[PDB]
Each structure stands twice: as C-alpha cells, then as structure tokens.
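Notes for the one structure printed next.
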Amino acid sequence: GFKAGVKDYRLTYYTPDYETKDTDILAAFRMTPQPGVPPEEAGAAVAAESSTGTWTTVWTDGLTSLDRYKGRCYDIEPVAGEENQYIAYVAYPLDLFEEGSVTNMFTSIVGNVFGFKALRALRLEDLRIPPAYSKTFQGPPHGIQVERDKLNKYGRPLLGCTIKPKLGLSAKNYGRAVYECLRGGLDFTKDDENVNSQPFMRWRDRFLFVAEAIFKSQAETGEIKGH
Amino acid sequence: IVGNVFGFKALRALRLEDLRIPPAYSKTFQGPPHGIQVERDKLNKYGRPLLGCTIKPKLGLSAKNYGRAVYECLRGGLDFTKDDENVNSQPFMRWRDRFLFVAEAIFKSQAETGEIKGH
Amino acid sequence: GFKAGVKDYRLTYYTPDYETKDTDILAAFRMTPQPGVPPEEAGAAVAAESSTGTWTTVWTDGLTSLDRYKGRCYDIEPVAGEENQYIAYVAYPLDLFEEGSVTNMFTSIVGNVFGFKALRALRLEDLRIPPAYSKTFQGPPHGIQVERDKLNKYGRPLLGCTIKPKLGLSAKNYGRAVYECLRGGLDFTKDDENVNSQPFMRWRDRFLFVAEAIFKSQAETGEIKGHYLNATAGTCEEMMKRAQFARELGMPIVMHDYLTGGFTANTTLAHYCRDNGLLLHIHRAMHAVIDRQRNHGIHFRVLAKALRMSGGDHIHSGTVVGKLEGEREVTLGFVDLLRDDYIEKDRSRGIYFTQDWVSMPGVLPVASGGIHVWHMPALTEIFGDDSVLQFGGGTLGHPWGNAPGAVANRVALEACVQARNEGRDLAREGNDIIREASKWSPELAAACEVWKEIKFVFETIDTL
Amino acid sequence: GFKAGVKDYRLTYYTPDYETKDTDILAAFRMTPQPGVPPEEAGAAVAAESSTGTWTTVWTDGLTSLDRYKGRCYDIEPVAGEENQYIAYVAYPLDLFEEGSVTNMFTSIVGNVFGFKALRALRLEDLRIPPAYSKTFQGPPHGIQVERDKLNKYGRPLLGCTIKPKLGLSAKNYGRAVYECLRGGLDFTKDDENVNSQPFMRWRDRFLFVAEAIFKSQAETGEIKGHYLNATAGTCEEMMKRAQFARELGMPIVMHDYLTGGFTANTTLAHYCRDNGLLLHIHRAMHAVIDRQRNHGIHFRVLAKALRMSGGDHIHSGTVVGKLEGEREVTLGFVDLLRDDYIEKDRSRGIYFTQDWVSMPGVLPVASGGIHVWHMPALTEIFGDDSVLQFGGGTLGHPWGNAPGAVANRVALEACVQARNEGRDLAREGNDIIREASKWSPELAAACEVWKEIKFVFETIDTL
Amino acid sequence: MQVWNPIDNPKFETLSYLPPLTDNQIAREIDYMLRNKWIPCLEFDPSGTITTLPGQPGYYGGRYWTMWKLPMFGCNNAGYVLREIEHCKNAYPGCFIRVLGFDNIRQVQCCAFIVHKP
Ligand SMILES: O=C(O)[C@@](O)(COP(=O)(O)O)[C@H](O)[C@H](O)COP(=O)(O)O
Ligand SMILES: O=C(O)[C@@](O)(COP(=O)(O)O)[C@H](O)[C@H](O)COP(=O)(O)O
Ligand SMILES: [Mg+2]
Ligand SMILES: [Mg+2]
Ligand SMILES: [Mg+2]
Ligand SMILES: [Mg+2]
C-alpha cells in the first residue's frame, strides 16, 4: 500500500549485522547527540539524509528497488573519557558516484548533514577508497622517480628559498635578488602566495626578468636551477 | 586576508565578522547578470511570491520515470521544478537524454494551461 | 652473477602451487604437442613468450624485479577421448596492459605464440576480465532499456527486412521498394554489407531518396519507422563525413562492420554516436575464417566479449535452423553473456569461469538468414521477448508483391505471442497455430503453399 | 513471367565456355564438398552468394540487366592424391568495386561464403589485379631507391637490434641501453610490439630520452643512425598526436601494426607520412591464426599484395633457419612479388597467374626470429643485397657487454661480403670463412664458443 | 491478386492486426500479468498524433498520456481492475484508453494495448 505519514529512521536504516563487500566506500564519524535523543536515531538519520531519504513517505518509491541504493550504519562504539560522544560507521554502494570527478564525491557526504537541529557537533576522520574506483583517475603527472631523473640529483634532500618583502618591490629589483641567491648554492626559488598581478608589478615583465637571471646564474656554476 | 593567520601557535581561536568594500573597488566587477526587475519583466509575473518543488527520491529513478513526474507537477499550478544537488551523471541515468525527456514534457505542460513554466 | 647460455623454461615459468589474486587475467588453451616434447615444456613455453623472456639469457634482468612481471602456468589436465591433447591455464598480472585499449590486449596474448615450431595446433576458449579493468571503458552507448523507451515499443520482438538483389539497382528504384515494405507493417529495413559507393549508385544520392520515402510512409500509418544507413569507408576522414549528414537530416541509426574496418575505427565512431545521440548496428563479417574448425583459431564467445567493451547496440548471432552453421547448446550459452549481469560456471554449455559485469548495459541479439513463415513457432521459444527477426528473401518472393508479403509475416507473429500467454505449448503444437490463422487471412494461405517442404539439414562440424 | 519458387544454381551460374576480359578480377579456391553434393553445384554457389543471388526468386530482377553484373565459374579441375578435393576459378566484373578502398574487396570476396552448411573446408590461394584497378591507389610512400639515397648507404645489407626484456624497464634505463648498442656499429634500433604506454613507462618520457641518446652517438662516429618509435593507439585522435611530436623532434621513422589496428587506420597514416616526409615500418602480428593449416584459411602471398597497395616501406618476411615455421621454395616465390616488376606463371613456386605492377615502387623484406653469428653465411645467399637483418637476443647476451657484442656481428658480415665477389662459394664453404676471421678479432672468438651447437630442426606442416 | 487499402487505415501497435478484441480475451491477458508479479495502471488521451523537430534525432511529440488515479500496489484479483474501466469510460466518453504494466526489478514496462475507441 501507500499509507502516507511520518515514521522513524531506525526502522529502515539501522542494520547491525551487515557484511561489507569489496566494492564499497566506508567512512567514520564522531558525533555529539542533543539531549533527549537515542544514539541509534542520530546514527540512522546521518545515513538516511545522504543517499536517499526525507522527512515523510512518498509514493514514487514503489517503482524501484531500494535495497540496492541505500546507505547503512553497521557499528556504534563509545569513546573513552567522555559521556556524550560516540563513533559511527557508514557504507555506500559503488554505483552512486560519477567516475573521474572529485567534486561529486564531496557533495554526497558532507553536503547537508552538518547542520541538523538534532546535533551539536560532527567531525570526519577517515575514508577507504576501493581499488575499483581509483583506476578511473589520472593521478600525479610525473611522480617521484621521473622527477629525480630529469634534474639529475641523488643522495641528499633539496633546498629552496623565498624572497621576503611580501609586497612592495619593483620588477628589476625583484629579479636582481634571485641571481645572488641562485649563485650561492641553492636549488630552487619561490614566489609568494598573494602575488599574481598588482599596479606595482605586472606579470609579463617579471617573467622576462626572472628568465634572464636564471640563464646567467646557470652557466657560471654548471648546475640545473629553477624557479 | 585569510591565508595563514588562522594557525599561529600564540592563539587558540579566531573568527571573522564583517567587511567594508569601498565604492572605488566594487566598480571593477560585473555583478549579477540580470537582477530582480529584469527577471520579473521576462516571466510576466507580478503581485505574489513564486512557488517551486523538487523531485524525490534523491537517487534511483530512470530517465523516463523522471520526466513523467515533472508533467504532473507542472500541470497542477506550480511555477518551477528543481533537480538535485548530487545528480550530475551516473550509470542509472545520463544527462543528454534526461534533458530531452524534460524538454518534451515542458512544452506539453505549457500549452494546456497557457502560462510560462521552467525547470 | 651473470652466466651466458641456454636454459629450460620449466625452471622459471612452471609454478603449480600458485594462488590466483583478484586482479589477474586468466586464459585457457587447448594445445597439441609435437612428438618428443614433454607436456610441461610446451605450457611453460607458451606463457614465457607472451609476457617476458626470450631464447637465451640476458644481463639486463638484474636491474628489475622479475617476480612481479612474469606469467605463470598453474594447471594441466588431459582431455577425454584423445592421447595428444591437453588443457592449460595461465595467469597475467594487471600492470601489463594499457587502460582503455582493446587492440593492446589482443596483441600481447595472441601475438606470436601461434607459430612455434614445437607445436601443431592451438585454440583459445575463454577469458576472465576482473572488475578493476572493465571500469576504464565506456561500453554500449544506449543499451537495451533506453532503446526501447525512445521507440515506444513493448511486448513483442521487432521485425525487419533487407533489399535484394545485392548489387545492380539504381538510386531512384532503390528508394521505391523501401516505401512499399514500410507501409505494410514492418519496423526496420536494411542495406547490405557490400554496398558503400559504386559507379551505379553514389552515397549522397541514396540518403535523400530514402529520407523522402520514410516521411511519407510514417504519416500514413501512425508509427515510428527507421532504416540502417551503411557508413563504412576506406579512410577515417571519409567515414566521419557520412555520419554528419545523417545528423543533419534527422535519421536515428547507422551501421558499421567491426572486423574488416578494425578495432581502432570502431571506438572512434562509438565515441561520437554517444555525444550526438544515435544508434549503432554491428555486422560480423569474415568471422568464419578464424572460427569453425575445432583445433585452430578463436571461439566466438571470446570475440563477443570484446564488442561489449568496445561499443555497440545490436549484434548478429545466427539461427539454429537456417542455411548457416549453428548449434543450440552453445548458442543458448553464449547468448547469456550478452544480456545478463551475473553468470556462473557451467561446463555443459562451454563456460569455464565466473563473470560479473558490475552494472553494464546489455546488447540485443539478432537472428537472420534463410527463414520463412513455417519457422516462426521455433524461434519465439528459443530466444524470447528481446530479439530482432529479419526476413530478406521471404518478403520479396511473395507471389503477390511487397506490401501483401509483409502483412503475412506480422499476422503469423502476433498469433504466436497470443497463444503463449494462455497456457499452450509452442513446441508440440506448432503446425496447428499457423493453420487456423490461415482461415481468416487470405494473404497467409497464399504464402503457406509456395514454401512448404524447404528444409536444410546437414551434419555438424564443431561438435562441442 | 515471375513464377515464384526455388531453383538450382548451376542453371545460371555455371558457364564452362567463357572468355575472360582484360578488366576482370580472378581468384582460385580449393574446396572439400559435403557427401551427397555434385562438384558443379558446389562451385556454382560460391559465385552466386558473392555478387548477386539468394535462396529463392525475386520480382525486382526484371528491372536490370542481370548478365552484366554477375560472377561465374568457368573451370574445375581435380587435385592429385586426394578424392574429395578440387580447384575452382571465378571471374568478377570491374564495376563491382569502389575505387581506392581495400576493405570493400575483402568484404565482397570473403564475406559470407566461408560458413555454408554444404561445405567442410575452403582456402583462398591467389588473385590477379588488372592494371586498370591498381592505378587508383597511392602505393608506398617512398620505396626502395629513395630510402638508400636519403640514408646514404650502398653495397651491403643493413643491421638492427631490439631491446630485451620485453616489459619491465624504466624510462632512463631503456634510453641508456640504446646508446651503447648504437655506438658499437649497428644502424637501426627497434622498440617492441606490445609497448605503447603503461604505468611503468609513458610514451612522452621515453621519446625525449631516446632523442637525447641518438644525438650523442651520431657525433662520435660520424654516421646516420635511427630508431623505430611505436605509434599504435586505441583511438584515432591519439594515434595522430604521437606522430606530430616525432616530426617536431626531427625523427626519421615510425612503426605500426596493420592487422590488429585494421585497414582503415593504416591508409590515413600512410597519407600523413607521404605528406610530411617520414618512413613507415610494418609488423605482422596475429597472422598465424589465418595461415598455417593447409585446408582452411588464407595464404600469406594474398595478404602481402594488399599491403603493397595500401602503403608501406618495410615488412617482415620471416627466416628459414629460425624458431618459427617457414619454407624455402615458397619464400623465394613470394619475395619476387614484393620486389620485382613483372612476374611470370610458375606452379613449382605457388604462382598461378601473371602479374605486372606498371611501375610502382617495391618494398624491403626483413628477416628476424632467433639467429646468431653462425647463420650468417647462409642468409647472405638466399635474400641478397636488399634486405634487413635483426639480432635481438644475439647482442644483449654476449659475455662481455653491449658494445663488444655489436662489433662481432659487424665483422662477420663484411668478411662474407668480401669473400663473395672474389669467386668463392658461400654454400659449400662458410665454416672456414668465419674460423679465419676469428683469428685477428678477439671479440668474435669469444662469441664463437657460447653458441656452437644450437639448432632448430622439426617437421613441416604446410607442405606446399 | 489483391491490393492493400492505403486510404484512412490507421493502426494502433500491438494486437492491432487481429480480429477485434472481446471479453474473456481481455480478462485472460491480466491473469498472465498478475502471476508474474507486475503492477497494472491506466491512461487516457484525446488524440493519438505525433510530430517531429527540424534537426534533432530521437525526438518526437505525443508520447505522454494522463494517469487515471495511481498505480495499484498490492492487487491480487482481476475484478478491481475490470471494475475501474467502467468509471473511466463514463466520465470521459470521447477519449482513448490504454492499459500498462510495470516491473521494478528491471525498471521497464511489459504490456500495452487499447481497450476503447471514441
Ligand atoms: O547477406 C545475406 O545473405 C543476409 O542479408 C541474409 O539474406 P537472406 O535472408 O535474404 O538470405 C545476411 O547478411 C546473412 O544472414 C549473413 O549471415 P550472418 O550475419 O548471420 O552470419
Ligand atoms: O621476440 C620477438 O617477437 C622478436 O622481437 C624476435 O626477438 P628475438 O630475435 O630476440 O628472438 C620478433 O618480433 C619476432 O621475430 C617476430 O616474429 P616474425 O616477425 O617473424 O613474425
Ligand atoms: Mg608563504
Ligand atoms: Mg536538496
Ligand atoms: Mg546480408
Ligand atoms: Mg618481437
């Protein structure tokens, strides 16, 4: 039947006898329930409002199978040293995510459950990415070995420096201070986080002035340098 | 403004409250594309607030059943109809056909009541 | 140290105590050794020349770890009824293949091991693709459900036809026989495999005349009709110019051959059909040169599990009762690997491994070749409610024409789908359902007499 | 009239007194009829089911002239030594084929006739291409004469090598082993068939290191060197992106596989190479699945002619004394069809028809597959002065390293070339030429001991 | 010989080439549906015509009809389905009526046929 109305979350979203598969995503939460609420109700409400759920019953749920598209909470344990804090575990099916996108993964887990009126705190701790899901990404461009081979440097860690008048220098003076640091023995040199383009120093000439000094500082010692 | 100062060892808390943007700095931006008056003039709706709805369940529906439930809602008297935050493209339903199935229903629902509808 | 010389293969490539992982690729061979060679030296040699290794020792092998890049043989079992034939199993790691390429997988397995001087025969039977490798492909553009939803057709198998003679017709006379067949009650109609562009009919003068007839025939009965347009060419540029005109005209489906065009041009077309919203029909040609004989070549159940990963919506499957070779127990076994989602091991139907497709859309089988009306209550019972039936010579050979010939293949079909949902057996009583319907339709009795005792029966070669 | 019904094939498709024209395509088949079928009804069905015809009669055949568009069989002769084997001849008109496409010919000739229920075997042997049809193709990009002029090398055959192990090396170790081999005296250097792009080594990284290694060895000896770069991909827009980078770096040669990538993708690459001045090398993979057995499949001499019209410069032809099968009288027979310009009929070498190529450039055969230094005075007598010799495992297996391993191979060839143009015989002698040259070179005596009694002798399957 | 009539001869899909449907033939097509565990439904619409678009493949108009009340979740007898076809044909006597059937395991329809014409 239909029987429109309002029911609980635990009656459908709490299955503490479930065996995880090898193509599932797992997460761990830490929560502080609001006075007057059983821990299981909050643990079930966290999972329901993330995959498929609302505050009432709808008639369009009979046209599809809901036992292969839901999220489940299968474990609750209490923390040591407190009285109102617990740890919960959730499992998600594989086919709820889009291949090759990270923005879609974050939208389905930390989207809305962080502002419920029945909770006072929440924190995410860890995740488990299955090997069947990480093969659809590209990963780092080069890595580690391909980076050491290109620069021809083995044995010791690397070095670097950053120019530190944070803002206020011109272009020629900014380019001058790089030569005197690279000719000393360092390997790299860094810009700054808040330096893109400003009325005292534009980018298209800073690039040229840095490039001019890089070549000069390289032919005097005989080593590869960068910035 | 806030890149590093939030993690100093000499502090235990920090919160930002308000900002003041001078008029000489906000003139270099574009701002909203249309606004309020232009949006209201195009849809020919005055006097009362607007109405809308969203489709549930969040995930699990096919492409034709998704389009079927929009026509019924739109022919009843509503104005808008929203997708969902976590529905982009998934094995059970892709986007290029969901677009077509929604577009087919919008035209049918619009020519029966004689009002402008969207989604 | 480093020692130069020649050693055996069994000392490195034979480990019969190895436990397979969950990210490996498995294969099974059926080989016949050469007189004077132990059976355990041929299996090792097969696996030691498809992944790594050569006929002598080299010094550059000390710079890498060879215990994570080799292929191993871990089982041997003799066949029953012979004395010089065996079955071997091989395992391959995952880091040896390139993601998203099918032409790479074949090159590294069936590349060179088929022409050794120490063997007389070899045949590949099955494969196992792990779920960690299938997620890097795209798969079929639309599938099964999305294709039925667009055309608004439910309940019964579809119908189709093809135009004969194969070659010789003009461009205007070719578009006139389509309208007559389509106004009779058929759903599809098809070109031919070898009709691309010839001096008697060019490719741009046929599309217009077909499109003109489709619109006229569609507005007279009130149903959706279609037509497969061939798009094979001799260059990858001429092929992409014929698929852009159909999009402009508003046609819903195209056609391609995936065995003579190659495994590279097929993926390019499949990637474009998905982004422009079309349907793809696949014809299997030059497939009997590799199959047929039972002691050399590749089985079709392996060639069919690559098309699903490459891309396609329809596929030819053949008929058990017809003018071309086929067997029942093998067809029933390899038809389940095209539509289902989880298959289990069964040696009575040819399946060796367990396969799951983790929610990938299926494909629609197609049956064609030398059939007429009397064969109808034997094809519904085998395939089911998801198939395509094609009659090429059984429509244009009717003694009354084309339009009357198509009203005879639809009445004879809608009378079998109605006697089934009542509790009547379609096997024992098959000549009594097409003898009562021929008493109120004058166009079926006129056709039940021309072909009445035309049966094809011969011996079978590939006996399981 | 119409008279719908079923008739025989011999009544229309068997003309035993027909005179061939000068614009026709001819073929020869070898078939094994099923018990209870006349020989004349077997050869009349292959012609019928290849150009025009079906299992019944149609009314649309009256609108065209059928005896201007049909194929026919005009000769049947029996084989000697068997009682159920014959040879048939078929003739095809010219207006049945599209100009400039090789896929159409294969789709029209070997399309469906290979899986009939009335036959148990079939094999294609030879074809004849009229000059009026081969003028519409482009042919090889450069040829033989232009390559020698561009590389500035005359007098002796060429040399090459390939890197082992097949898979497992890194990007820098792969590049450092090329320089040692090139500085020793070799000419070319080859990648490997199953090396496109993998997690342990990506293509763009390997290209740069190979390019850097090439330049250093060229300025130290003062000769032109090269290296083959694989350009096989899984999609078309990826294959055309790996050639532009090679052109940008100024590399002279690339590589491709034409049997797993398909025929459509090969012509585009040939056109690009012609328009941008590169060289092409062809590797034959997955060719033993169709060849080998002598009662089913396609011969290699047919598969070789299509490559000449499609486009290429090098091709693998195999050896006679290696680890892979091959015969002498057949190899000598089909080398001429690749190199020459006018070949006459000869049944002692497998040739059935007379062929002329009306001035199209030839190609260079390549020998490989497990040869060492002792085999040199037997390979210079078969092929001649126009060939390429490759040693894969005979170079990286020398007891002293890479660079000393190439000097031993280079010296053993210039001693055989010098001893030929003096009046000495290379067949009866040849175990004495090497033993005299191994007295002033300490790097050849060290190699004449590791491999001294290694031979590969087995029986033969394809006995002419 | 004989000629098919090409003037004013529309068809309506499945089971439209047979003699007209009668009672005890409609009630037997619903028993077969219920013993496979499927859900019936109803629809109606005044005009069954279709249109197209200039250059958009796979687009047609006139594929959606109006739903009577709601799908019947939990029906077990063929009486309540045969008593609801009379209320619909007494309120809208100038429209077509079509019967459906759903499946939730595979999410597709399984049956469709007409039972009334204006
Ligand atoms: O060319 C033909 O003969 C057909 O059009 C059949 O025509 P008819 O029905 O008029 O004989 C089909 O291509 C064959 O069935 C091919 O067989 P398959 O693809 O199943 O191997
Ligand atoms: O192992 C290989 O595959 C080879 O590199 C030979 O290496 P080795 O010389 O080191 O054995 C060649 O590809 C084969 O000759 C192919 O045979 P073919 O071209 O004759 O078909
Ligand atoms: Mg900083
Ligand atoms: Mg929401
Ligand atoms: Mg055909
Ligand atoms: Mg090789």
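Following the order of the structure tokens, chains are lettered A, B, ..., residues in each are numbered from 1, and ligands are numbered from 1.
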Note to self: What does the list of residues within 8 Å of ligand 5 look like if you count only C-alpha atoms and all ligand atoms, written as a ChimeraX atom specification?
What the structure shows: /C:162,192-193,369
Next item on the list: Determine, counting only C-alpha atoms, which protein, DNA and RNA residues have an atom within 12 Å of an atom of range 34-44 of chain B; residues of the same chain fewer than 6 positions away are not included. Present the result as a VMD selection string.
Entry: chain B and resid 50 79 to 80 115 to 118
Resulting file, chosen residues, N, CA and C atoms, as an mmCIF file, in the first residue's frame:
data_model
loop_
_atom_site.group_PDB
_atom_site.id
_atom_site.type_symbol
_atom_site.label_atom_id
_atom_site.label_comp_id
_atom_site.auth_asym_id
_atom_site.auth_seq_id
_atom_site.Cartn_x
_atom_site.Cartn_y
_atom_site.Cartn_z
ATOM 1 N N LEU B 50 6.722 33.420 -5.555
ATOM 2 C CA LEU B 50 6.780 32.328 -6.513
ATOM 3 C C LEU B 50 6.813 30.988 -5.790
ATOM 4 N N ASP B 79 5.173 26.679 -10.570
ATOM 5 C CA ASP B 79 5.916 27.531 -11.492
ATOM 6 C C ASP B 79 7.265 26.962 -11.894
ATOM 7 N N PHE B 80 8.010 26.388 -10.958
ATOM 8 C CA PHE B 80 9.346 25.875 -11.218
ATOM 9 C C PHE B 80 9.432 24.413 -10.794
ATOM 10 N N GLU B 115 0.432 29.270 -19.510
ATOM 11 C CA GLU B 115 1.314 30.052 -18.655
ATOM 12 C C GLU B 115 2.750 29.603 -18.880
ATOM 13 N N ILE B 116 3.691 30.487 -18.550
ATOM 14 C CA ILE B 116 5.104 30.199 -18.760
ATOM 15 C C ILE B 116 5.628 29.341 -17.616
ATOM 16 N N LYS B 117 6.348 28.272 -17.960
ATOM 17 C CA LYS B 117 6.892 27.338 -16.985
ATOM 18 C C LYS B 117 8.368 27.097 -17.272
ATOM 19 N N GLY B 118 9.106 26.694 -16.236
ATOM 20 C CA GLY B 118 10.532 26.473 -16.354
ATOM 21 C C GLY B 118 10.997 25.344 -15.460
#
Could I get the residues of chain C with an atom no further than 10 Å from an atom of chain B, each paired with its nearest atom pair and that distance in Å to one decimal, using only C-alpha atoms, sorted by chain and residue number, as CSV?
residue,atom,partner,partner_atom,distance
C:142,CA,B:94,CA,9.7
C:145,CA,B:62,CA,9.7
C:146,CA,B:63,CA,8.1
C:149,CA,B:64,CA,7.4
C:150,CA,B:64,CA,9.3
C:274,CA,B:96,CA,9.1
C:275,CA,B:96,CA,8.2
C:276,CA,B:96,CA,9.0
C:277,CA,B:96,CA,8.0
C:359,CA,B:91,CA,7.7
C:360,CA,B:91,CA,8.0
C:361,CA,B:91,CA,9.0
Margin query: Which residues are close to residue 87 in chain B, i.e. within 9 Å by only C-alpha atoms, leaving aside same-chain residues fewer than 4 positions away? Reply as a list in words.
Written below: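 With the cut-off at 9 Å, the set is residues 104 of chain A; 58, 59 and 83 of chain B.
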Write the selection just made, keeping N, CA, C and O atoms, as an mmCIF file, in the first residue's frame?
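File produced: part39.cif:
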data_model
loop_
_atom_site.group_PDB
_atom_site.id
_atom_site.type_symbol
_atom_site.label_atom_id
_atom_site.label_comp_id
_atom_site.auth_asym_id
_atom_site.auth_seq_id
_atom_site.Cartn_x
_atom_site.Cartn_y
_atom_site.Cartn_z
ATOM 1 N N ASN A 104 31.965 15.709 -7.184
ATOM 2 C CA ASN A 104 30.760 14.930 -6.946
ATOM 3 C C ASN A 104 30.844 14.075 -5.690
ATOM 4 O O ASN A 104 29.822 13.874 -5.029
ATOM 5 N N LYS B 58 16.035 10.923 -3.960
ATOM 6 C CA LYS B 58 17.193 11.653 -4.462
ATOM 7 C C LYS B 58 17.872 10.910 -5.608
ATOM 8 O O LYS B 58 18.217 11.507 -6.633
ATOM 9 N N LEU B 59 18.068 9.604 -5.455
ATOM 10 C CA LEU B 59 18.778 8.799 -6.440
ATOM 11 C C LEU B 59 18.076 7.461 -6.621
ATOM 12 O O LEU B 59 17.627 6.856 -5.642
ATOM 13 N N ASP B 83 16.096 20.128 -9.954
ATOM 14 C CA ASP B 83 16.793 18.846 -9.965
ATOM 15 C C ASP B 83 17.190 18.439 -8.551
ATOM 16 O O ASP B 83 16.349 18.344 -7.661
#
Next item on the list: Determine which residues of chain E sit within 12 Å of chain B, taking into account only C-alpha atoms, and present them as a PyMOL selection string.
Entry: chain E and resi 51-53+56-70+102+104-109
Residues from last step as file, C-alpha atoms, as a PDB file, in the first residue's frame:
ATOM      1  CA  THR E  51       5.186  15.337 -34.594  1.00  0.00           C
ATOM      2  CA  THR E  52       8.920  15.898 -35.100  1.00  0.00           C
ATOM      3  CA  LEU E  53      11.658  18.545 -34.875  1.00  0.00           C
ATOM      4  CA  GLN E  56      17.087  16.773 -33.535  1.00  0.00           C
ATOM      5  CA  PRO E  57      17.471  12.976 -33.779  1.00  0.00           C
ATOM      6  CA  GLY E  58      15.493  10.876 -31.338  1.00  0.00           C
ATOM      7  CA  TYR E  59      12.836  13.495 -30.548  1.00  0.00           C
ATOM      8  CA  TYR E  60       9.093  13.055 -31.069  1.00  0.00           C
ATOM      9  CA  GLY E  61       5.907  14.567 -29.667  1.00  0.00           C
ATOM     10  CA  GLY E  62       2.829  12.806 -28.357  1.00  0.00           C
ATOM     11  CA  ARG E  63       4.260  10.081 -26.130  1.00  0.00           C
ATOM     12  CA  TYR E  64       2.864  11.117 -22.717  1.00  0.00           C
ATOM     13  CA  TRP E  65      -0.722  10.474 -21.616  1.00  0.00           C
ATOM     14  CA  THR E  66      -2.612  11.265 -18.415  1.00  0.00           C
ATOM     15  CA  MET E  67      -2.691   8.857 -15.463  1.00  0.00           C
ATOM     16  CA  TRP E  68      -6.087   7.891 -14.067  1.00  0.00           C
ATOM     17  CA  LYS E  69      -5.622   7.845 -10.279  1.00  0.00           C
ATOM     18  CA  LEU E  70      -2.448   5.968  -9.214  1.00  0.00           C
ATOM     19  CA  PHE E 102       5.302  -2.110 -14.653  1.00  0.00           C
ATOM     20  CA  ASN E 104      10.576  -2.719 -10.643  1.00  0.00           C
ATOM     21  CA  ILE E 105      13.476  -5.191 -10.760  1.00  0.00           C
ATOM     22  CA  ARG E 106      14.445  -4.096 -14.296  1.00  0.00           C
ATOM     23  CA  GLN E 107      12.542  -0.771 -14.384  1.00  0.00           C
ATOM     24  CA  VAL E 108      10.716  -1.229 -17.708  1.00  0.00           C
ATOM     25  CA  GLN E 109       7.169  -1.698 -18.954  1.00  0.00           C
TER      26      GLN E 109
END
Write out as a tab-separated table the residues of chain A that have any atom within 12 Å of an atom of chain C, one row each with the nearest atom pair and its distance in Å to one decimal, counting only C-alpha atoms, sorted by chain and then rising number.
residue	atom	partner	partner_atom	distance
A:22	CA	C:22	CA	10.5
A:23	CA	C:131	CA	9.5
A:68	CA	C:359	CA	11.7
A:93	CA	C:358	CA	11.4
A:94	CA	C:358	CA	9.3
A:95	CA	C:359	CA	8.1
A:96	CA	C:359	CA	11.6
A:98	CA	C:135	CA	11.5
A:99	CA	C:135	CA	8.7
A:100	CA	C:136	CA	10.1
A:130	CA	C:132	CA	9.6
A:131	CA	C:132	CA	6.9
A:132	CA	C:132	CA	4.6
A:133	CA	C:132	CA	7.9
A:134	CA	C:132	CA	9.2
A:135	CA	C:136	CA	7.1
A:136	CA	C:136	CA	5.9
A:137	CA	C:136	CA	9.3
A:138	CA	C:99	CA	10.7
